[PDB]
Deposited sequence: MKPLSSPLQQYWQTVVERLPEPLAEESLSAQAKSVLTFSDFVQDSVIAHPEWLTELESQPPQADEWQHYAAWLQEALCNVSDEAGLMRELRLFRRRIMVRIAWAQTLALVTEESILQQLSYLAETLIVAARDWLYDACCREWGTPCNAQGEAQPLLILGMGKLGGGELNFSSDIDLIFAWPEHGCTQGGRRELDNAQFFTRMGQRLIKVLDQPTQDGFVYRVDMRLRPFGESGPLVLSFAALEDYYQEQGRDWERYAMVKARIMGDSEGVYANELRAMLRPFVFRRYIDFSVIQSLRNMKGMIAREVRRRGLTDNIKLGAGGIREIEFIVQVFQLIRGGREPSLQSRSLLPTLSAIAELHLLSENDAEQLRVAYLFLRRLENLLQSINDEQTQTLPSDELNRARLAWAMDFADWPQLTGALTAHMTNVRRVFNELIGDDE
(Lines of atoms letter the chains of each structure in order from A and count residues from 1; the text may use other names and numbers.)
(Lines give C-alpha, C1' and ligand atoms only; values in the text may rest on other atoms or scores of the structure.)
Protein backbone atom coordinates (compact mmCIF):
# COMPACT_ATOMS: atom_id res chain seq x y z
CA UNK A 1 0.00 0.00 0.00
CA UNK A 2 1.79 3.10 -1.31
CA UNK A 3 0.33 6.16 0.53
CA UNK A 4 -2.21 8.16 -1.50
CA UNK A 5 -0.97 10.62 -4.14
CA UNK A 6 -1.78 14.33 -4.24
CA UNK A 7 -5.03 13.88 -6.28
CA UNK A 8 -6.24 11.01 -4.07
CA UNK A 9 -5.51 13.10 -0.94
CA UNK A 10 -7.56 16.04 -2.21
CA UNK A 11 -10.43 13.66 -3.08
CA UNK A 12 -10.38 11.84 0.28
CA UNK A 13 -10.70 15.23 1.98
CA UNK A 14 -13.99 15.78 0.06
CA UNK A 15 -15.21 12.30 1.16
CA UNK A 16 -14.60 12.65 4.94
CA UNK A 17 -16.79 15.78 5.28
CA UNK A 18 -19.77 13.74 4.07
CA UNK A 19 -19.25 10.28 5.60
CA UNK A 20 -22.30 9.23 7.69
CA UNK A 21 -22.43 7.94 11.25
CA UNK A 22 -21.09 5.68 12.50
CA UNK A 23 -18.20 6.10 10.00
CA UNK A 24 -16.41 9.10 11.52
CA UNK A 25 -12.70 9.61 10.65
CA UNK A 26 -11.57 8.36 14.09
CA UNK A 27 -13.30 4.97 13.73
CA UNK A 28 -11.45 4.33 10.42
CA UNK A 29 -8.29 2.27 9.84
CA UNK A 30 -5.74 3.42 7.22
CA UNK A 31 -6.92 0.76 4.75
CA UNK A 32 -10.61 1.58 5.13
CA UNK A 33 -9.72 5.12 4.01
CA UNK A 34 -7.75 4.01 0.94
CA UNK A 35 -10.52 1.62 -0.19
CA UNK A 36 -13.19 4.32 0.26
CA UNK A 37 -10.93 6.69 -1.67
CA UNK A 38 -10.49 4.19 -4.51
CA UNK A 39 -14.06 2.91 -4.97
CA UNK A 40 -17.34 4.85 -5.14
CA UNK A 41 -19.02 1.43 -5.21
CA UNK A 42 -17.62 0.54 -1.79
CA UNK A 43 -18.44 4.04 -0.46
CA UNK A 44 -22.10 3.77 -1.48
CA UNK A 45 -22.44 0.19 -0.20
CA UNK A 46 -21.00 0.97 3.23
CA UNK A 47 -23.06 4.16 3.67
CA UNK A 48 -26.20 1.99 3.66
CA UNK A 49 -24.59 -0.93 5.53
CA UNK A 50 -21.89 0.47 7.84
CA UNK A 51 -21.49 -2.90 9.57
CA UNK A 52 -19.82 -4.23 6.40
CA UNK A 53 -16.70 -2.00 6.77
CA UNK A 54 -16.64 -2.63 10.52
CA UNK A 55 -16.83 -6.41 9.93
CA UNK A 56 -13.95 -6.20 7.41
CA UNK A 57 -11.55 -5.39 10.29
CA UNK A 58 -12.97 -7.87 12.85
CA UNK A 59 -12.44 -10.53 10.17
CA UNK A 60 -10.50 -9.61 6.99
CA UNK A 61 -11.33 -11.64 3.85
CA UNK A 62 -9.22 -14.71 3.02
CA UNK A 63 -8.51 -16.19 -0.43
CA UNK A 64 -10.49 -19.36 0.31
CA UNK A 65 -13.55 -17.48 1.67
CA UNK A 66 -15.54 -18.62 -1.41
CA UNK A 67 -15.74 -22.05 0.23
CA UNK A 68 -18.27 -20.53 2.71
CA UNK A 69 -20.45 -18.60 0.20
CA UNK A 70 -23.08 -21.28 -0.35
CA UNK A 71 -23.61 -21.94 3.38
CA UNK A 72 -23.69 -18.20 4.19
CA UNK A 73 -26.38 -17.73 1.56
CA UNK A 74 -28.49 -20.76 2.62
CA UNK A 75 -28.46 -19.40 6.20
CA UNK A 76 -29.71 -16.00 5.04
CA UNK A 77 -32.38 -17.73 2.90
CA UNK A 78 -33.60 -19.78 5.90
CA UNK A 79 -36.21 -17.19 6.91
CA UNK A 80 -37.37 -16.50 3.32
CA UNK A 81 -40.97 -17.37 2.42
CA UNK A 82 -41.76 -15.71 -0.92
CA UNK A 83 -40.17 -14.66 -4.23
CA UNK A 84 -39.74 -11.02 -3.14
CA UNK A 85 -37.75 -12.21 -0.11
CA UNK A 86 -35.60 -14.42 -2.37
CA UNK A 87 -34.88 -11.45 -4.67
CA UNK A 88 -34.09 -9.12 -1.77
CA UNK A 89 -31.55 -11.50 -0.21
CA UNK A 90 -29.84 -12.48 -3.49
CA UNK A 91 -29.34 -8.76 -4.13
CA UNK A 92 -28.08 -8.04 -0.61
CA UNK A 93 -25.72 -11.03 -0.64
CA UNK A 94 -24.22 -10.17 -4.04
CA UNK A 95 -23.53 -6.60 -2.92
CA UNK A 96 -22.17 -7.71 0.48
CA UNK A 97 -19.70 -10.23 -0.93
CA UNK A 98 -18.80 -7.90 -3.82
CA UNK A 99 -17.75 -5.29 -1.26
CA UNK A 100 -15.47 -7.85 0.41
CA UNK A 101 -14.01 -8.80 -2.99
CA UNK A 102 -13.41 -5.12 -3.83
CA UNK A 103 -11.82 -4.77 -0.40
CA UNK A 104 -9.42 -7.70 -0.93
CA UNK A 105 -8.51 -6.72 -4.52
CA UNK A 106 -7.99 -3.04 -3.77
CA UNK A 107 -5.54 -3.76 -0.96
CA UNK A 108 -3.95 -6.81 -2.65
CA UNK A 109 -4.79 -8.99 0.36
CA UNK A 110 -5.25 -11.92 -2.04
CA UNK A 111 -3.95 -12.54 -5.55
CA UNK A 112 -5.94 -11.65 -8.67
CA UNK A 113 -6.29 -15.39 -9.38
CA UNK A 114 -8.08 -15.76 -6.08
CA UNK A 115 -10.22 -12.65 -6.82
CA UNK A 116 -11.18 -14.32 -10.11
CA UNK A 117 -12.25 -17.46 -8.25
CA UNK A 118 -14.21 -15.42 -5.68
CA UNK A 119 -16.13 -13.46 -8.32
CA UNK A 120 -16.90 -16.61 -10.32
CA UNK A 121 -17.97 -18.64 -7.29
CA UNK A 122 -20.17 -15.85 -5.92
CA UNK A 123 -21.98 -15.80 -9.25
CA UNK A 124 -22.22 -19.60 -9.39
CA UNK A 125 -23.54 -19.70 -5.83
CA UNK A 126 -26.26 -17.12 -6.49
CA UNK A 127 -27.37 -18.68 -9.76
CA UNK A 128 -27.65 -22.12 -8.18
CA UNK A 129 -29.49 -20.89 -5.05
CA UNK A 130 -31.93 -18.98 -7.26
CA UNK A 131 -32.49 -21.99 -9.50
CA UNK A 132 -33.01 -24.40 -6.58
CA UNK A 133 -35.51 -22.14 -4.81
CA UNK A 134 -37.49 -21.53 -8.02
CA UNK A 135 -37.46 -25.22 -9.00
CA UNK A 136 -39.22 -26.03 -5.69
CA UNK A 137 -41.73 -23.15 -5.98
CA UNK A 138 -42.59 -23.99 -9.62
CA UNK A 139 -43.05 -27.68 -8.72
CA UNK A 140 -45.33 -26.87 -5.75
CA UNK A 141 -47.20 -24.27 -7.84
CA UNK A 142 -47.38 -25.50 -11.46
CA UNK A 143 -48.12 -29.13 -12.23
CA UNK A 144 -45.95 -30.93 -9.66
CA UNK A 145 -42.36 -31.94 -10.44
CA UNK A 146 -42.10 -32.23 -14.22
CA UNK A 147 -41.00 -35.73 -15.30
CA UNK A 148 -40.30 -38.09 -18.19
CA UNK A 149 -42.19 -41.34 -17.52
CA UNK A 150 -41.83 -41.01 -13.72
CA UNK A 151 -38.31 -39.58 -13.52
CA UNK A 152 -37.97 -35.95 -12.32
CA UNK A 153 -36.37 -33.50 -14.79
CA UNK A 154 -33.97 -30.77 -13.54
CA UNK A 155 -33.11 -27.41 -15.12
CA UNK A 156 -29.47 -27.36 -16.25
CA UNK A 157 -27.58 -24.09 -16.73
CA UNK A 158 -24.29 -23.62 -18.59
CA UNK A 159 -22.23 -20.57 -17.63
CA UNK A 160 -20.43 -19.27 -20.73
CA UNK A 161 -17.37 -17.09 -21.34
CA UNK A 162 -15.48 -15.96 -18.23
CA UNK A 163 -18.16 -17.38 -15.88
CA UNK A 164 -17.71 -20.85 -17.39
CA UNK A 165 -13.94 -20.32 -17.21
CA UNK A 166 -14.02 -19.33 -13.53
CA UNK A 167 -12.44 -15.97 -14.37
CA UNK A 168 -15.48 -13.62 -14.28
CA UNK A 169 -15.08 -9.84 -14.62
CA UNK A 170 -15.74 -7.81 -11.48
CA UNK A 171 -18.74 -6.08 -13.09
CA UNK A 172 -20.21 -8.57 -15.51
CA UNK A 173 -23.25 -9.95 -17.25
CA UNK A 174 -23.68 -13.66 -16.80
CA UNK A 175 -24.03 -15.35 -20.18
CA UNK A 176 -26.13 -18.50 -19.70
CA UNK A 177 -27.72 -21.36 -21.60
CA UNK A 178 -30.71 -23.27 -20.23
CA UNK A 179 -31.64 -26.87 -21.05
CA UNK A 180 -33.58 -29.84 -19.64
CA UNK A 181 -33.07 -33.56 -20.41
CA UNK A 182 -36.34 -35.43 -21.11
CA UNK A 183 -44.16 -33.99 -18.98
CA UNK A 184 -46.17 -32.71 -16.04
CA UNK A 185 -47.97 -29.55 -17.18
CA UNK A 186 -45.84 -30.20 -20.33
CA UNK A 187 -42.06 -30.07 -19.81
CA UNK A 188 -41.22 -27.44 -22.47
CA UNK A 189 -43.75 -24.86 -21.23
CA UNK A 190 -42.79 -25.56 -17.60
CA UNK A 191 -39.08 -24.88 -18.05
CA UNK A 192 -39.68 -21.82 -20.24
CA UNK A 193 -41.77 -20.33 -17.43
CA UNK A 194 -39.23 -21.27 -14.80
CA UNK A 195 -36.46 -19.91 -17.05
CA UNK A 196 -38.33 -16.59 -17.23
CA UNK A 197 -38.76 -16.36 -13.47
CA UNK A 198 -35.05 -17.20 -12.99
CA UNK A 199 -33.87 -14.41 -15.33
CA UNK A 200 -36.21 -11.99 -13.53
CA UNK A 201 -35.03 -12.99 -10.07
CA UNK A 202 -31.38 -12.50 -11.10
CA UNK A 203 -31.62 -9.43 -13.32
CA UNK A 204 -34.65 -7.20 -12.47
CA UNK A 205 -33.74 -3.87 -10.82
CA UNK A 206 -35.72 -3.43 -7.63
CA UNK A 207 -35.25 -1.11 -4.66
CA UNK A 208 -32.34 -3.41 -3.68
CA UNK A 209 -30.75 -3.31 -7.15
CA UNK A 210 -30.04 -6.45 -9.15
CA UNK A 211 -27.93 -9.63 -8.82
CA UNK A 212 -26.49 -9.90 -12.36
CA UNK A 213 -27.52 -8.60 -15.74
CA UNK A 214 -28.33 -11.81 -17.63
CA UNK A 215 -27.54 -12.38 -21.29
CA UNK A 216 -29.19 -15.36 -22.99
CA UNK A 217 -28.13 -14.49 -26.58
CA UNK A 218 -25.43 -17.20 -26.95
CA UNK A 219 -28.08 -19.95 -26.79
CA UNK A 220 -28.89 -21.99 -29.92
CA UNK A 221 -31.02 -19.96 -32.39
CA UNK A 222 -29.95 -16.63 -30.86
CA UNK A 223 -32.24 -13.99 -29.36
CA UNK A 224 -35.31 -15.08 -31.40
CA UNK A 225 -35.32 -18.79 -30.45
CA UNK A 226 -36.72 -20.65 -27.43
CA UNK A 227 -35.35 -19.79 -23.97
CA UNK A 228 -34.75 -23.43 -22.98
CA UNK A 229 -34.10 -26.54 -25.15
CA UNK A 230 -34.38 -30.28 -24.58
CA UNK A 231 -31.19 -32.36 -24.78
CA UNK A 232 -32.38 -33.89 -28.07
CA UNK A 233 -32.82 -30.45 -29.65
CA UNK A 234 -29.56 -29.20 -28.09
CA UNK A 235 -27.72 -32.26 -29.48
CA UNK A 236 -29.21 -31.87 -32.96
CA UNK A 237 -28.37 -28.18 -33.18
CA UNK A 238 -24.62 -28.56 -32.58
CA UNK A 239 -24.18 -31.84 -34.48
CA UNK A 240 -26.00 -30.49 -37.55
CA UNK A 241 -25.49 -26.68 -37.60
CA UNK A 242 -22.68 -26.07 -35.06
CA UNK A 243 -19.76 -23.94 -36.37
CA UNK A 244 -16.18 -23.12 -35.23
CA UNK A 245 -17.14 -19.82 -33.55
CA UNK A 246 -19.59 -21.97 -31.54
CA UNK A 247 -16.89 -24.57 -30.72
CA UNK A 248 -14.74 -21.63 -29.52
CA UNK A 249 -17.49 -20.43 -27.19
CA UNK A 250 -18.19 -23.92 -25.87
CA UNK A 251 -14.55 -24.38 -24.75
CA UNK A 252 -15.68 -22.23 -21.81
CA UNK A 253 -19.06 -23.86 -21.07
CA UNK A 254 -19.46 -25.21 -17.55
CA UNK A 255 -22.50 -26.60 -15.71
CA UNK A 256 -23.45 -24.41 -12.74
CA UNK A 257 -24.03 -26.33 -9.49
CA UNK A 258 -23.51 -30.09 -9.28
CA UNK A 259 -21.86 -31.36 -12.45
CA UNK A 260 -22.47 -35.04 -11.61
CA UNK A 261 -25.41 -37.09 -12.90
CA UNK A 262 -26.77 -39.00 -15.91
CA UNK A 263 -27.98 -35.66 -17.33
CA UNK A 264 -24.91 -33.59 -16.45
CA UNK A 265 -22.91 -36.38 -18.20
CA UNK A 266 -24.93 -36.57 -21.43
CA UNK A 267 -24.40 -32.82 -21.73
CA UNK A 268 -20.62 -33.06 -21.32
CA UNK A 269 -20.69 -35.95 -23.82
CA UNK A 270 -22.46 -33.82 -26.47
CA UNK A 271 -19.91 -31.02 -26.08
CA UNK A 272 -16.68 -33.06 -26.07
CA UNK A 273 -16.78 -34.37 -29.70
CA UNK A 274 -18.18 -31.03 -30.88
CA UNK A 275 -15.53 -28.78 -29.30
CA UNK A 276 -12.53 -31.09 -29.33
CA UNK A 277 -12.11 -32.87 -32.65
CA UNK A 278 -9.60 -35.74 -32.67
CA UNK A 279 -8.84 -35.33 -36.38
CA UNK A 280 -7.64 -31.94 -37.64
CA UNK A 281 -7.01 -31.09 -41.33
CA UNK A 282 -6.16 -28.01 -43.44
CA UNK A 283 -9.80 -26.80 -43.50
CA UNK A 284 -9.92 -26.63 -39.68
CA UNK A 285 -6.61 -24.73 -39.52
CA UNK A 286 -7.70 -22.29 -42.26
CA UNK A 287 -11.00 -21.71 -40.47
CA UNK A 288 -8.96 -20.66 -37.42
CA UNK A 289 -6.80 -18.40 -39.66
CA UNK A 290 -9.94 -16.72 -41.03
CA UNK A 291 -11.27 -16.17 -37.49
CA UNK A 292 -7.85 -14.70 -36.64
CA UNK A 293 -8.05 -12.42 -39.68
CA UNK A 294 -11.49 -11.20 -38.59
CA UNK A 295 -10.13 -10.14 -35.19
CA UNK A 296 -7.12 -8.49 -36.84
CA UNK A 297 -9.35 -6.56 -39.27
CA UNK A 298 -11.60 -5.44 -36.41
CA UNK A 299 -8.55 -4.17 -34.53
CA UNK A 300 -7.06 -2.35 -37.55
CA UNK A 301 -10.49 -0.81 -38.25
CA UNK A 302 -11.17 0.60 -34.76
CA UNK A 303 -7.71 2.19 -34.71
CA UNK A 304 -6.03 3.80 -31.70
CA UNK A 305 -7.92 2.75 -28.59
CA UNK A 306 -7.76 2.67 -24.79
CA UNK A 307 -9.85 -0.54 -24.76
CA UNK A 308 -8.05 -3.23 -22.64
CA UNK A 309 -10.33 -6.01 -23.97
CA UNK A 310 -10.50 -5.33 -27.75
CA UNK A 311 -7.25 -3.45 -28.35
CA UNK A 312 -4.25 -5.03 -30.03
CA UNK A 313 -2.57 -7.17 -27.38
CA UNK A 314 -5.70 -7.12 -25.22
CA UNK A 315 -7.55 -9.73 -23.17
CA UNK A 316 -9.55 -10.99 -26.16
CA UNK A 317 -6.37 -11.74 -28.11
CA UNK A 318 -4.95 -13.79 -25.19
CA UNK A 319 -8.19 -15.78 -24.96
CA UNK A 320 -8.01 -16.33 -28.73
CA UNK A 321 -4.40 -17.57 -28.63
CA UNK A 322 -5.17 -20.01 -25.83
CA UNK A 323 -8.46 -21.35 -27.22
CA UNK A 324 -6.91 -21.82 -30.69
CA UNK A 325 -4.47 -24.34 -29.17
CA UNK A 326 -7.36 -26.00 -27.35
CA UNK A 327 -9.35 -26.37 -30.57
CA UNK A 328 -6.35 -27.81 -32.47
CA UNK A 329 -4.85 -30.15 -29.85
CA UNK A 330 -7.49 -30.55 -27.12
CA UNK A 331 -8.97 -33.63 -28.76
CA UNK A 332 -5.59 -35.41 -28.40
CA UNK A 333 -4.40 -33.70 -25.18
CA UNK A 334 -6.81 -33.87 -22.22
CA UNK A 335 -4.81 -31.16 -20.38
CA UNK A 336 -6.03 -28.62 -22.98
CA UNK A 337 -9.73 -29.33 -22.29
CA UNK A 338 -9.89 -27.08 -19.22
CA UNK A 339 -12.49 -24.28 -19.20
CA UNK A 340 -10.08 -21.89 -17.47
CA UNK A 341 -7.45 -19.92 -19.39
CA UNK A 342 -4.53 -20.00 -16.89
CA UNK A 343 -4.35 -23.79 -16.33
CA UNK A 344 -4.60 -24.13 -20.12
CA UNK A 345 -1.66 -21.77 -20.55
CA UNK A 346 0.32 -23.91 -18.09
CA UNK A 347 -0.47 -27.00 -20.16
CA UNK A 348 0.45 -25.16 -23.38
CA UNK A 349 3.90 -24.55 -21.83
CA UNK A 350 4.30 -28.16 -20.62
CA UNK A 351 3.49 -29.51 -24.09
CA UNK A 352 5.98 -27.07 -25.71
CA UNK A 353 3.17 -25.68 -27.92
CA UNK A 354 4.55 -22.25 -27.04
CA UNK A 355 8.07 -21.52 -25.74
CA UNK A 356 8.38 -20.84 -22.01
CA UNK A 357 9.28 -17.22 -22.81
CA UNK A 358 6.01 -16.82 -24.74
CA UNK A 359 3.80 -18.69 -22.27
CA UNK A 360 5.08 -16.86 -19.16
CA UNK A 361 4.75 -13.50 -20.94
CA UNK A 362 1.14 -14.36 -21.83
CA UNK A 363 0.32 -15.39 -18.25
CA UNK A 364 1.83 -12.23 -16.82
CA UNK A 365 0.10 -10.03 -19.43
CA UNK A 366 -3.21 -11.76 -18.72
CA UNK A 367 -2.97 -11.22 -14.96
CA UNK A 368 -1.88 -7.61 -15.40
CA UNK A 369 -4.77 -6.90 -17.79
CA UNK A 370 -7.38 -8.67 -15.61
CA UNK A 371 -6.21 -6.95 -12.43
CA UNK A 372 -6.25 -3.61 -14.22
CA UNK A 373 -9.72 -4.06 -15.74
CA UNK A 374 -11.27 -5.60 -12.59
CA UNK A 375 -9.85 -2.79 -10.44
CA UNK A 376 -11.26 -0.25 -12.92
CA UNK A 377 -14.68 -1.91 -12.89
CA UNK A 378 -14.72 -1.97 -9.08
CA UNK A 379 -14.43 1.86 -8.92
CA UNK A 380 -18.14 2.33 -9.75
CA UNK A 381 -19.22 -1.27 -10.45
CA UNK A 382 -19.55 -0.57 -14.19
CA UNK A 383 -18.77 -2.85 -17.13
CA UNK A 384 -16.00 -0.70 -18.61
CA UNK A 385 -13.18 -2.04 -20.79
CA UNK A 386 -11.67 1.40 -21.50
CA UNK A 387 -8.98 3.26 -19.54
CA UNK A 388 -10.27 6.44 -17.87
CA UNK A 389 -9.58 9.85 -19.46
CA UNK A 390 -10.05 11.77 -16.18
CA UNK A 391 -7.24 12.55 -13.69
CA UNK A 392 -8.93 11.05 -10.59
CA UNK A 393 -9.54 7.56 -12.02
CA UNK A 394 -6.12 7.45 -13.68
CA UNK A 395 -4.57 8.40 -10.34
CA UNK A 396 -6.75 5.75 -8.69
CA UNK A 397 -5.57 2.93 -10.96
CA UNK A 398 -1.85 3.77 -10.76
CA UNK A 399 -2.03 3.71 -6.98
CA UNK A 400 -3.90 0.37 -6.86
CA UNK A 401 -1.60 -1.31 -9.43
CA UNK A 402 1.33 -0.83 -6.98
CA UNK A 403 2.77 1.87 -9.31
CA UNK A 404 3.86 5.53 -8.93
CA UNK A 405 1.95 7.40 -11.68
CA UNK A 406 -0.19 7.07 -14.84
CA UNK A 407 2.50 7.53 -17.56
CA UNK A 408 4.35 4.57 -15.98
CA UNK A 409 1.26 2.34 -15.59
CA UNK A 410 0.55 2.75 -19.32
CA UNK A 411 4.19 2.00 -20.12
CA UNK A 412 4.06 -1.33 -18.29
CA UNK A 413 0.65 -2.02 -19.89
CA UNK A 414 1.97 -1.14 -23.36
CA UNK A 415 4.88 -3.56 -22.91
CA UNK A 416 2.61 -6.44 -21.89
CA UNK A 417 0.28 -5.81 -24.85
CA UNK A 418 3.32 -5.77 -27.20
CA UNK A 419 4.22 -9.28 -26.05
CA UNK A 420 0.67 -10.52 -26.59
CA UNK A 421 0.52 -8.96 -30.06
CA UNK A 422 3.79 -10.64 -31.04
CA UNK A 423 2.50 -14.05 -30.00
CA UNK A 424 -0.87 -13.41 -31.70
CA UNK A 425 0.84 -12.50 -35.02
CA UNK A 426 2.98 -15.65 -34.91
CA UNK A 427 -0.11 -17.78 -34.08
CA UNK A 428 -0.95 -20.30 -36.86
CA UNK A 429 1.35 -18.32 -39.15
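- Unmodelled regions of the deposited chain, listed from N- to C-terminal end, are 183 to 190, 438 to 440.
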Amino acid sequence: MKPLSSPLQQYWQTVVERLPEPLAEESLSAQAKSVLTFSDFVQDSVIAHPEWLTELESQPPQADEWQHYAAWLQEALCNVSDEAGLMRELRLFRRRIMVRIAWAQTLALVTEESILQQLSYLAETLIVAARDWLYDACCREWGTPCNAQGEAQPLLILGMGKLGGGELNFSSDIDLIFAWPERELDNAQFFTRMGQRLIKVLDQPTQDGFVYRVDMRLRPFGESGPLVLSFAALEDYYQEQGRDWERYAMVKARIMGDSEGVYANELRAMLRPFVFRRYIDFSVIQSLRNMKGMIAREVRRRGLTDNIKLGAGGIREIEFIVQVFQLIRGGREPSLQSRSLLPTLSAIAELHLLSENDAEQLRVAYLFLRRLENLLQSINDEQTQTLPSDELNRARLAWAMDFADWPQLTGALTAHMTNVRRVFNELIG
From here on, numbers count along this sequence of modelled residues.
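- Of the two stretches examined, 416 to 424 and 15 to 23, the record assigns the greater average C-alpha temperature factor to 15 to 23.
- Higher average CA B factor: 53 to 61, of the stretches 53 to 61 and 391 to 399.
- Highest CA B-factor among 351, 110, 304, 291, as stated in the entry: 304.
- Of the candidates 30, 372, 70, 379, it is 30 whose Cα B-factor is highest according to the PDB record.
- Residue 339 sits in the lowest third of its chain by CA B factor, as recorded in the PDB entry.
- Remark: residue 140 belongs to the highest third of its chain, ranked by C-alpha B-factor as recorded.
- Sorting the modelled residues of the chain by their CA temperature factor places residue 184 in the highest third.
- Sorting the modelled residues of the chain by their CA temperature factor places residue 151 in the highest third.
- When the modelled residues of the chain are ordered by their C-alpha B factor, residue 132 lands in the middle third.
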